[PDB]
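Novice: The sequence isn't on hand, but the structure is:
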RNA sequence: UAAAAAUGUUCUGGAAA
RNA sequence: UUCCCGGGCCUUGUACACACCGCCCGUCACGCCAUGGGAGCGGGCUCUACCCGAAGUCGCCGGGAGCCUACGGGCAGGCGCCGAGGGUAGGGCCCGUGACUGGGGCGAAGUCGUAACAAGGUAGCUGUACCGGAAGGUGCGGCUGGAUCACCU
RNA sequence: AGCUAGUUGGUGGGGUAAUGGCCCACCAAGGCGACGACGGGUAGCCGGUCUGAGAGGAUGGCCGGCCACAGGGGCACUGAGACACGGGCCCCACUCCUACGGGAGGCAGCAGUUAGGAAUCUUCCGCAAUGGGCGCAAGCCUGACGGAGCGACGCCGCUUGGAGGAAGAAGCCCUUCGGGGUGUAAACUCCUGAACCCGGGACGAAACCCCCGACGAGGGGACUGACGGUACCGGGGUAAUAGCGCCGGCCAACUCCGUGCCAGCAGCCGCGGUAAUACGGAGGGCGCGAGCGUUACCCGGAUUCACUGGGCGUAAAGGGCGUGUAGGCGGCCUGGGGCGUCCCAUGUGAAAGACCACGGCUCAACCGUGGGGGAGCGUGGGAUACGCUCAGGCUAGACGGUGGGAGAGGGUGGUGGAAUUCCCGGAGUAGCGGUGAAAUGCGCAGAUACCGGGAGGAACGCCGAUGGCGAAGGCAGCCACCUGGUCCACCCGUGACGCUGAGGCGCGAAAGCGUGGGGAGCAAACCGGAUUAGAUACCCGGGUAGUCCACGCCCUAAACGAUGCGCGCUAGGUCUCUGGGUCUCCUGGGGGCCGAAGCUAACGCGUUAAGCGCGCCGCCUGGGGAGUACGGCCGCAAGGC
């Protein structure tokens, strides 16, 4: 563009879109599950991913994913939602923080327990 | 109607050296002589001279090159490797003596117009003056 | 430049290398 | 040696490369998500007009009617302008909603055909126009990002 | 996208500390806006802070400056100052008392509660210090402030031990069952001694005040410590915490078992379907450590909005084309001005922060002292190359003159022949037509084929193209009139009059729309016949709109060179159209092909640039969603922008 055109119109700034609204700026957000189901993954994959549709405090109702093997959540359990989408589950854009509120930790978890809200076990 | 007499001249010089011509003509204008006079003093050209092309006043620039080379493509290297117009009429450029650029870490010359005449970066620097930044050459 | 010539459909999802 | 089957060499087109037993288009059916329209309803903000109009400052008056007086005055009082706020009516912007409805994205193995990619078996694409389950067909015009031999420059 | 009545100006008043339509009479019609008024959304601004090579981008918490507010809203009083946070009046909402007529309050002060939230502290001690108000002073008040408390929330420092100690215990893990690994690790032996224990124990505090001297200068004296019996020093003194992430690639780190597209992992590519360094455990390893990971947001990387520092022939990207408004840009010589620009001096640029040097807490973090930068902007003085401006001059750009040229450029009116169809008249008879093959269809009510005549509509064969004209769309028989563009020669005139161009205006194939006319051929739709699994197609027979004209609309396209306009510069070869020549060939304008240099991802482009430069405009910013929706403007509609 000629300088005269830049003077007249100038460059336009980016303006990035939040990959995680519904959180409304917070790191996490609380919510209540209105349905804890089991969805089938995207294409290359096959499985029964455990996901729950959560009614957020921030006035949003979205579906989040339940990490780890086996959970204890049922309709009406209160959970703490967190950034993080799951590639297979289309529409699933947030994870459930394990080990906060009604979301128990992952029983018998020995590695990276911090990520699955499970306490360091006593040495037998 | 030549929107920019100077850039034109810089380009004539450029387009010519690129085909290894011996000399090139250019419409004459005092301010232009100043530029050439500098490229002359600085060694980029062999020199200029006022000539006459079919009734009108032109300047004839004598181009300079290096020696023929070995291998494929013996074409000699240019003395005027680069010669770009800095300030254009589309957007002028002026610099304070403290903002005068250094062309090619020294092996390059910058030409500027000042109240004290058309001088090189080096001179202007040793004169405490700034001005319009005509072009840079190396 | 000018330029004729064929009735007849379709092959599940991943992965080869 | 035209044709059918398999195969050599060159060339041509290609959206194929799991390499035509390839690729791939659109409707229909099911699920999810977001979104437009929709009798309209519920809000938020905001503009106009008019009605009632607190406190208060500022103008009258202060008299058939008080209190003070440093007796030219002053205070309390009464009238008015303005005025927060309500109120009635009608606009403007925005948001949320609404039976029903349009199309859209996405979703391991659904139904129908086969439009396109190789004169893809009617060269293709294209503006428009009419038509048809659907891809699309046809009309008019346009483009080459299409066209063997010969053959003309 | 238009906004404005106290609106814009004036005159005289009111008002104020003071200017002012701040307010009020009266008069005038103005004021503002694409240089973005008005409106909507969001937001306290700055010093600074984070990031960044920088230019930038993001941000505005703590500290410092300014502004604004004190439950919501209005108002005035007192006063040097407030239209006043712990003053007042009034209305409102809500909280509480009431003897029901009126009363009381406002933590966005300190601390604490509750609600909301992912989440953010003690109803601490002291006025000892600094600072403030009042007081002659003594001194009083001070939730400012100085401190302590709680929270790994952050940064800095410290500890969980040090030296010995096996061709190397056990246990666990692998294993080519020899052995390898954890591993000097442990044990064990010496050694130091975080904590804790006893003892001593601050700096911060010297002035107000008293005394000699004048209650001045100067000298002397006394009181005063919240933190705290804390820091710190001395002596004594026990081996005294370790976790979190990760190990398919990017990215440092691999093996066994379990699992079998399950369970699960996943920042991106992707792992898992019975030999998984990718899931889960284990052994092992790597990284970091009182922390380590996760999520969220900002800068970076992202020259991925490109000023520095990008692009548009085919990748996303040249507007369908003109004409032109604002705007941007501007050939050669000379002089005045000195606005831009540049230089010197000077004022400002608070402090803190940042940087640098040196110090103080044992270091560091913190912290003090000093030092050096600095654009901007004000002022005075100066320069004049370039830009600008004024003036004079110039002819190389551009325009005009005169004489010529080519052309399907445009508009209007005429008019010519070939052919198709229908009609009339001849003549003639059994089929014609159509296809891959046929059938529908036309025909013995006389078709097809043939001759003559007529009517009517549309398009113009050969010439004819590697052609020409036009800004584009586009233009083709011939003739006449009306009219545009353009090229050459002579170099005659003017004297920079130029280039581009957001909007605006005009033009704009085909299809389509309106009124009227016209209708031969062709032909969407439509009807038949075939074909086929079907056949709303392709092939065949029919056929309406339409195709044609007038006037008015519509405004799209593969409106294409998918290549905006103008100017200068950078080998040639060859064919061709058109003009001039001292017409071997040269020179100007145009159309093609091949190719120097250069350019390009490549294909290719290459004096008809996609090369090298300058000016101006338009446009691009991953793929879908989608040229869709909503809004607006246009349109009769279809639709268009």
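Specialist: Nice, thanks for sending it over. Residues are numbered from 1 along each chain as shown, chains lettered A, B, ... in the order given.

Novice: Which single residue in chain B comes nearest to RNA strand E?
Specialist: Using CB to the nearest atom of the strand, the point where chain B gets nearest to RNA strand E is residue B:90, with a distance of 2.1 Å. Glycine gets a C-beta too; all of them are placed from N, C-alpha and C.

Novice: nearest spatial neighbour of that residue, skipping sequence neighbours?
Specialist: Spatial nearest neighbour of residue B:90, excluding adjacent residues (CB to CB, 6 or more residues apart in numbering or on different chains): residue A:3 at 5.5 Å.

Novice: My guess is the one you found contacts residue B:91. True?
Specialist: Yes. Shown here, residue A:3 and residue B:91 form a contact pair, counting by CB atoms under 8 Å, at 4.4 Å.

Novice: can you pull out the helices in chain A?
Specialist: A:3-8 (DSSP state H).

Novice: what about the strands in it?
Specialist: According to DSSP state E, chain A carries its strands in the segments A:28-39, A:49-56, A:61-65, A:78-83, A:94-96.

Novice: what's the most buried one of the ones you listed?
Specialist: With neighbours defined as mean count of other CB atoms under 10 Å in any protein chain shown, these peak in mean count at strand A:94-96, which reaches a mean of 24.

Novice: Counting by contacts, list what it packs against.
Specialist: Contacts defined by 3 or more CB pairs under 8 Å, 6 or more residues apart in numbering or on different chains; DSSP states H and E place strand A:94-96 against strand A:49-56, strand A:61-65, strand A:78-83.

Novice: Give the partner strands of it in its sheet and their orientations.
Specialist: Sheet neighbours of strand A:94-96, with direction, are listed as strand A:61-65 (parallel), strand A:78-83 (antiparallel) (DSSP bridges).

Novice: Can you say which of the helices and strands packed on strand A:94-96 is nearest to residue A:123?
Specialist: Distances from residue A:123 to each of the helices and strands packed on strand A:94-96 were compared by CB to CB, and the smallest falls on strand A:78-83, at 30.0 Å.

Novice: distance between that closest one and the chain's centre?
Specialist: A distance of 7 Å separates the centroid of the chain from that of strand A:78-83, by CA atoms, centre = their mean, to the nearest Å.

Novice: Check stretch A:17-31 too.
Specialist: Centroid displacement of stretch A:17-31 relative to its chain, using CA atoms, centre = their mean, is 9 Å.

Novice: One more: stretch B:45-64?
Specialist: 14 Å.

Novice: And stretch B:109-128, by the same measure?
Specialist: What separates the centre of stretch B:109-128 from the centre of its chain is 14 Å, taken as CA atoms, centre = their mean.

Novice: and if you look at stretch A:27-45?
Specialist: From the chain centre to the centre of stretch A:27-45 is a distance of 8 Å (CA atoms, centre = their mean).

Novice: swap in stretch B:117-134?
Specialist: On the basis of CA atoms, centre = their mean, stretch B:117-134 is displaced by 15 Å from the centre of the chain it belongs to.

Novice: Kindly report the same for stretch A:113-124.
Specialist: For stretch A:113-124, the distance from its own C-alpha centre to the chain's C-alpha centre is 22 Å (CA atoms, centre = their mean).

Novice: Identify each buried residue in that stretch, please.
Specialist: Applying a neighbour-count criterion of 16 or more other CB atoms under 10 Å in any protein chain shown, one finds A:113, A:116, A:117, A:118 buried in stretch A:113-124.

Novice: Tell me how many other residues surround the residue in chain B positioned nearest to RNA strand D.
Specialist: The nearest approach of chain B to RNA strand D comes at residue B:72, 29.4 Å away (CB to the nearest atom of the strand). Neighbourhood size, residue B:72 [other CB atoms under 10 Å in any protein chain shown]: 5.

Novice: where does it fall, helix, sheet strand or coil?
Specialist: Per DSSP: H, G, I helix; E, B strand; the rest coil, the secondary structure class of residue B:72 is coil.

Novice: how much space is there between it and residue A:25?
Specialist: For residue B:72, the distance to residue A:25 (CB to CB, to the nearest Å) stands at 65 Å.

Novice: Leaving out chain neighbours, which residue sits closest to the residue minimising distance to the centre of chain A?
Specialist: Residue closest to the average C-alpha location in chain A (CA atoms, centre = their mean): residue A:94, at 1.8 Å. Across the structure, with CB to CB, 6+ apart as the measure, the residue nearest residue A:94 apart from its sequence neighbours is residue A:64 (4.3 Å).
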